[PDB]
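Chemist: Data: target11.pdb, PDB, C-alpha atoms (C1' of nucleotides).
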```pdb
ATOM      1  CA  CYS A   3      -5.494 -16.623  15.047
ATOM      2  CA  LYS A   4      -4.796 -19.024  12.150
ATOM      3  CA  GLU A   5      -8.588 -18.831  12.321
ATOM      4  CA  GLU A   6      -9.179 -15.096  12.683
ATOM      5  CA  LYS A   7      -6.119 -13.897  10.794
ATOM      6  CA  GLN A   8      -6.948 -16.345   8.008
ATOM      7  CA  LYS A   9     -10.595 -15.187   7.982
ATOM      8  CA  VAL A  10      -9.675 -11.635   7.025
ATOM      9  CA  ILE A  11      -7.207 -12.964   4.430
ATOM     10  CA  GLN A  12     -10.046 -14.907   2.789
ATOM     11  CA  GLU A  13     -11.980 -11.684   3.067
ATOM     12  CA  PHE A  14      -9.441  -9.218   1.635
ATOM     13  CA  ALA A  15      -7.644 -11.486  -0.793
ATOM     14  CA  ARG A  16      -7.611 -10.627  -4.518
ATOM     15  CA  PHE A  17      -7.618 -14.237  -5.640
ATOM     16  CA  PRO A  18      -7.670 -17.808  -4.277
ATOM     17  CA  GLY A  19      -4.338 -18.015  -2.470
ATOM     18  CA  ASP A  20      -3.400 -14.374  -2.032
ATOM     19  CA  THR A  21      -1.731 -13.573   1.279
ATOM     20  CA  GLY A  22       0.610 -10.732   0.521
ATOM     21  CA  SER A  23      -1.290  -8.213  -1.617
ATOM     22  CA  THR A  24      -1.556  -4.641  -0.411
ATOM     23  CA  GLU A  25      -5.164  -5.440   0.503
ATOM     24  CA  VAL A  26      -4.560  -8.450   2.712
ATOM     25  CA  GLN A  27      -1.601  -6.624   4.297
ATOM     26  CA  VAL A  28      -3.745  -3.610   5.142
ATOM     27  CA  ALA A  29      -6.597  -5.781   6.359
ATOM     28  CA  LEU A  30      -4.170  -7.454   8.767
ATOM     29  CA  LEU A  31      -2.459  -4.269   9.948
ATOM     30  CA  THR A  32      -5.953  -2.897  10.463
ATOM     31  CA  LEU A  33      -7.088  -5.954  12.453
ATOM     32  CA  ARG A  34      -3.842  -5.792  14.413
ATOM     33  CA  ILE A  35      -4.050  -2.060  15.119
ATOM     34  CA  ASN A  36      -7.531  -2.566  16.581
ATOM     35  CA  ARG A  37      -6.834  -5.554  18.825
ATOM     36  CA  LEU A  38      -4.027  -3.470  20.435
ATOM     37  CA  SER A  39      -5.970  -0.275  21.056
ATOM     38  CA  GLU A  40      -8.631  -2.382  22.700
ATOM     39  CA  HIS A  41      -5.725  -3.762  24.757
ATOM     40  CA  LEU A  42      -4.188  -0.448  25.690
ATOM     41  CA  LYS A  43      -7.591   0.430  27.182
ATOM     42  CA  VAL A  44      -7.334  -2.306  29.815
ATOM     43  CA  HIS A  45      -3.617  -1.787  30.364
ATOM     44  CA  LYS A  46      -3.217   1.938  29.845
ATOM     45  CA  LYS A  47       0.026   1.874  31.821
ATOM     46  CA  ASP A  48       1.670   0.084  28.877
ATOM     47  CA  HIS A  49       3.403   2.951  27.080
ATOM     48  CA  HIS A  50       5.838   0.501  25.575
ATOM     49  CA  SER A  51       3.278  -1.571  23.678
ATOM     50  CA  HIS A  52       1.895   1.757  22.550
ATOM     51  CA  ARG A  53       5.010   2.295  20.446
ATOM     52  CA  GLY A  54       4.180  -0.709  18.330
ATOM     53  CA  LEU A  55       0.831   0.829  17.537
ATOM     54  CA  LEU A  56       2.495   4.032  16.385
ATOM     55  CA  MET A  57       4.413   1.979  13.829
ATOM     56  CA  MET A  58       1.623  -0.206  12.378
ATOM     57  CA  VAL A  59      -0.420   2.944  11.973
ATOM     58  CA  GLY A  60       2.394   4.460   9.960
ATOM     59  CA  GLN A  61       3.230   1.231   8.149
ATOM     60  CA  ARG A  62      -0.395   1.067   7.079
ATOM     61  CA  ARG A  63      -0.522   4.698   5.961
ATOM     62  CA  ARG A  64       2.579   4.038   3.827
ATOM     63  CA  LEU A  65       1.150   0.950   2.119
ATOM     64  CA  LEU A  66      -2.035   2.941   1.452
ATOM     65  CA  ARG A  67       0.051   5.851   0.137
ATOM     66  CA  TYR A  68       1.587   3.321  -2.260
ATOM     67  CA  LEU A  69      -1.774   1.952  -3.350
ATOM     68  CA  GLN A  70      -3.491   5.340  -3.633
ATOM     69  CA  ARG A  71      -0.788   6.597  -5.937
ATOM     70  CA  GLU A  72      -0.705   3.238  -7.715
ATOM     71  CA  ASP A  73      -4.261   2.013  -8.359
ATOM     72  CA  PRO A  74      -6.989   4.319  -6.904
ATOM     73  CA  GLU A  75      -9.705   1.957  -8.046
ATOM     74  CA  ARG A  76      -8.228  -0.707  -5.814
ATOM     75  CA  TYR A  77      -7.554   2.037  -3.287
ATOM     76  CA  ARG A  78     -10.977   3.679  -2.943
ATOM     77  CA  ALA A  79     -12.597   0.271  -2.518
ATOM     78  CA  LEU A  80     -10.214  -0.791   0.234
ATOM     79  CA  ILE A  81     -10.726   2.458   2.163
ATOM     80  CA  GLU A  82     -14.514   2.412   1.918
ATOM     81  CA  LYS A  83     -14.275  -1.300   2.686
ATOM     82  CA  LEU A  84     -12.961  -0.295   6.106
ATOM     83  CA  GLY A  85     -12.570   3.453   6.807
ATOM     84  CA  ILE A  86      -9.791   6.065   7.095
TER      85      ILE A  86
ATOM     86  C1'   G B   1       7.588  18.112   2.680
ATOM     87  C1'   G B   2      13.616  17.347   1.827
ATOM     88  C1'   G B   3      17.699  13.984   0.160
ATOM     89  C1'   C B   4      18.947   9.360  -1.572
ATOM     90  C1'   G B   5      17.272   4.713  -3.876
ATOM     91  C1'   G B   6      16.846  -2.767  -7.109
ATOM     92  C1'   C B   7      17.102  -5.688 -12.322
ATOM     93  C1'   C B   8      15.522  -5.764 -17.702
ATOM     94  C1'   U B   9      12.942  -2.364 -21.458
ATOM     95  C1'   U B  10      12.615  -0.900 -28.243
ATOM     96  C1'   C B  11       9.982   3.073 -22.772
ATOM     97  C1'   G B  12       4.640   1.150 -23.980
ATOM     98  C1'   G B  13       5.990  -2.255 -20.256
ATOM     99  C1'   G B  14       8.586  -6.905 -17.556
ATOM    100  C1'   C B  15      10.663  -8.611 -13.115
ATOM    101  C1'   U B  16      12.109 -10.359  -7.754
ATOM    102  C1'   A B  17      17.745 -10.484  -5.480
ATOM    103  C1'   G B  18      15.299  -5.367  -1.481
ATOM    104  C1'   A B  19      10.819  -4.315   1.643
ATOM    105  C1'   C B  20       6.291  -5.989   3.566
ATOM    106  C1'   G B  21       2.881 -10.114   4.110
ATOM    107  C1'   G B  22       1.438 -15.639   4.768
ATOM    108  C1'   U B  23       3.464 -20.321   6.928
ATOM    109  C1'   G B  24       6.915 -22.730  10.432
ATOM    110  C1'   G B  25      10.542 -21.866  13.944
ATOM    111  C1'   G B  26      14.710 -19.183  17.771
ATOM    112  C1'   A B  27      15.767 -15.891  22.449
ATOM    113  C1'   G B  28      17.843 -16.939  30.875
ATOM    114  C1'   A B  29      15.888 -11.156  32.173
ATOM    115  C1'   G B  30      10.330  -6.115  26.263
ATOM    116  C1'   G B  31       5.578  -3.869  28.799
ATOM    117  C1'   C B  32       0.817  -3.944  31.527
ATOM    118  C1'   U B  33      -1.464  -7.191  34.758
ATOM    119  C1'   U B  34      -7.514  -7.427  38.409
ATOM    120  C1'   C B  35      -0.856 -12.594  38.755
ATOM    121  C1'   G B  36      -5.983 -16.542  36.291
ATOM    122  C1'   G B  37      -3.194 -13.370  31.670
ATOM    123  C1'   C B  38      -3.162  -9.737  27.739
ATOM    124  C1'   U B  39       0.275  -7.056  24.685
ATOM    125  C1'   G B  40       5.407  -4.739  21.820
ATOM    126  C1'   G B  41       9.698  -5.749  19.533
ATOM    127  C1'   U B  42      13.368  -9.076  17.992
ATOM    128  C1'   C B  43      16.338 -13.127  14.965
ATOM    129  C1'   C B  44      15.943 -17.445  11.258
ATOM    130  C1'   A B  45      13.532 -20.850   7.277
ATOM    131  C1'   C B  46      10.600 -21.145   3.113
ATOM    132  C1'   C B  47      12.055 -19.720  -1.615
ATOM    133  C1'   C B  48       3.882 -19.219  -0.657
ATOM    134  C1'   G B  49       2.027 -13.841  -1.549
ATOM    135  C1'   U B  50       2.540  -8.453  -3.093
ATOM    136  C1'   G B  51       5.767  -6.388  -6.084
ATOM    137  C1'   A B  52      10.550  -1.385  -4.828
ATOM    138  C1'   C B  53       5.547  -0.561  -1.701
ATOM    139  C1'   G B  54      12.575   1.073   0.259
ATOM    140  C1'   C B  55      16.019   4.054   2.954
ATOM    141  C1'   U B  56      17.133   8.662   5.478
ATOM    142  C1'   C B  57      16.343  13.868   7.763
TER     143        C B  57
END
```
Render the structure in this file as structure tokens.
Modeler:
Amino acid sequence: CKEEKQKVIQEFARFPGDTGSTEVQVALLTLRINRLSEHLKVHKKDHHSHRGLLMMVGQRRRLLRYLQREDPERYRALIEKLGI
RNA sequence: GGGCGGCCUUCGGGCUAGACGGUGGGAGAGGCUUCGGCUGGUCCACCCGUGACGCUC
């Protein structure tokens, strides 16, 4: 994933070398929340791994909450640069 | 929605010591498995990134 993860970081960074901004963080949660749902499909018995998903979904909503009520400009772009 | 909540400010702002992320690691009993594998937590380093984004009902 130092390939895939890093791809999205290059994609959602705010500057050459950014890896922690609210954007990159959301981009990663996003990417992570998708690769797990796709998983849960195959292994729908896994109720345990489901938990994790519940969290990342919340963790992401909270970061977004922060951004929305912090810099909408940056917000609106990030949400229409993915979905919601 | 409720309660609580970092540092400095001449209140306009400024921070990184929390939190999250990135990078590199630790764990003899996490879950599902079409057993050929997917997937959730968890602890530690840095002192790279954001910058209080936290905590609690």
Chemist: Translate the PyMOL selection byres ((chain A) within 7 of (chain B)) into a concrete residue list for this structure, as a list in words.
Modeler: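 Against this file, the PyMOL selection byres ((chain A) within 7 of (chain B)) returns the residues residues 20, 21, 22, 23, 24, 27, 41, 45, 47, 48, 50, 51, 54, 65 and 68 of chain A.
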Chemist: Got a sec: who's within 12 Å of residue 15 of chain B, counting only C-alpha atoms (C1' of nucleotides), leaving out chain neighbours fewer than 3 positions off, as a count of residues only?
Modeler: 6
Chemist: Excluding same-chain residues fewer than 2 positions from residue 55 of chain B, what lies within 12 Å of it counting only C-alpha atoms (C1' of nucleotides), as a ChimeraX atom specification?
Modeler: /B:3-5,18-19,52,57
Chemist: Where's the centre, and what are the edge lengths in Å to one decimal, of a box along x, y and z enclosing all listed atoms of segment 20-36 of chain B padded 4 Å per side, as lines of an AutoDock Vina configuration file?
Modeler:
```
center_x = 5.2
center_y = -13.3
center_z = 21.2
size_x = 33.4
size_y = 26.9
size_z = 43.2
```
Chemist: Check what the PyMOL selection byres ((chain B and resi 27) around 10) selects in the file above and give those residues as a PDB file with C-alpha atoms (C1' of nucleotides), keeping the file's coordinate frame.
Modeler:
```
ATOM      1  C1'   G B  26      14.710 -19.183  17.771  1.00  0.00           C
ATOM      2  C1'   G B  28      17.843 -16.939  30.875  1.00  0.00           C
ATOM      3  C1'   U B  42      13.368  -9.076  17.992  1.00  0.00           C
ATOM      4  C1'   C B  43      16.338 -13.127  14.965  1.00  0.00           C
TER       5        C B  43
END
```
Chemist: Find the distance between atom CA of residue 59 of chain A and atom CA of residue 80 of chain A and write it in Å to one decimal.
Modeler: 15.7 Å
Chemist: Which is closer to residue 34 of chain A than all the others in A:82, A:73, A:6, A:13, using all atoms listed in the file?
Modeler: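 Using all atoms listed in the file, residue 34 of chain A sits closest to A:6.
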Chemist: Would you pick out the contacts of residue 28 of chain A at 8 Å or less, using only C-alpha atoms (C1' of nucleotides), so that residues sharing its chain but fewer than 3 positions from it are not included, and give the list as a count of residues only?
Modeler: 7
Chemist: Distance cut-off 10 Å, centre (-8.7, -10.6, 16.5) in file coordinates, counting only C-alpha atoms (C1' of nucleotides): which residues qualify? Return them as an MDAnalysis selection string.
Modeler: chainID A and resid 3 5:7 9:10 30 33:38
Chemist: Using atom CA of residue 69 of chain A and atom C1' of residue 12 of chain B as the two end points, give the distance in Å to one decimal.
Modeler: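 Those two atoms sit 21.6 Å apart.
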Chemist: Which residues are close to residue 83 of chain A, i.e. within 10 Å by all atoms listed in the file, leaving aside same-chain residues fewer than 5 positions away? Reply as a tab-separated table (two decimals) with C-alpha atoms, in the coordinates of the input.
Modeler:
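Output file selection00.tsv is given in full below:
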```
chain	number	residue	atom	x	y	z
A	14	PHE	CA	-9.44	-9.22	1.64
A	29	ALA	CA	-6.60	-5.78	6.36
A	77	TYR	CA	-7.55	2.04	-3.29
A	78	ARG	CA	-10.98	3.68	-2.94
```
Chemist: For a test of reading the model, state the distance in Å between atom CA of residue 61 of chain A and atom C1' of residue 54 of chain B, rounded to one decimal.
Modeler: 12.2 Å
